[PDB]
Ligand SMILES: [Zn+2]
């Protein structure tokens, strides 16, 4: 854990992953393993397969490496990019809304719609089943209004959604 | 011996069969092909 967090410490951002305090990670891993005397390979695999807070930089990195040469059949509603190269971000409480990665991280705030709503992240080009499922999710959300849950501050919004390759 | 009776009810059924049916079946084939193509066409993610 210490050797791993050394890399964010070099770049001065280890505080986001919880800082140099590796003990809470040990506490969580033992809580998963019901305080087992020893930890094996499979248990560690399952423990990290659920986005551990301190380790998010391993998968995301590879995920970025998996989305540097991906071309989607869509457009960016803000900068009128066509087609989006790289990541793709789809809205859920709106229809026909998509934004590129740069338009998302930088914050091109077009008047009328904010960016503090749930999103969906796509690395690989999508398929028809994903599109129709997104349509169904949008329709279901359209009748689940009145702000059941809201998150205005950022505080760290890294685990957006899992694509399961 | 020369009997002649005319109860013949002529009807143009050959023209109908020769003309309407082929286009109807062609239209049905085109419609089913289009529907199948729309349901299909990138429903599978070829990983790796
Ligand atoms: Zn954009």
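Numbering of chain A is taken from Swiss-Prot, so the residues present carry the numbers 3231-3395, in order.
Each Cβ is built from the backbone N, Cα and C atoms, and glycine gets one as well.
According to Swiss-Prot, the protein carries these features:
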- A:3306, A:3309, A:3330, A:3333: Zn(2+) binding site (BINDING)
- A:3301-3357: zinc finger (ZN_FING)
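Shown for the zinc finger (A:3301-3357): DSSP residue counts in helix, strand and coil, namely 6 helix, 12 strand, 39 coil.
For the binding-site residues A:3306, A:3309, the largest tally of other C-beta atoms within 10 A is found at A:3306. In terms of local Cβ density within 10 Å, A:3330 ranks first among the binding-site residues A:3330, A:3333. Same-chain neighbours of the Zn(2+) site beyond A:3306, A:3309, A:3330, A:3333, judged by a C-beta within 8 angstroms of the site's C-beta center, are, in sequence order, A:3307, A:3308, A:3310, A:3311, A:3314, A:3329, A:3331, A:3332, A:3334, A:3338.
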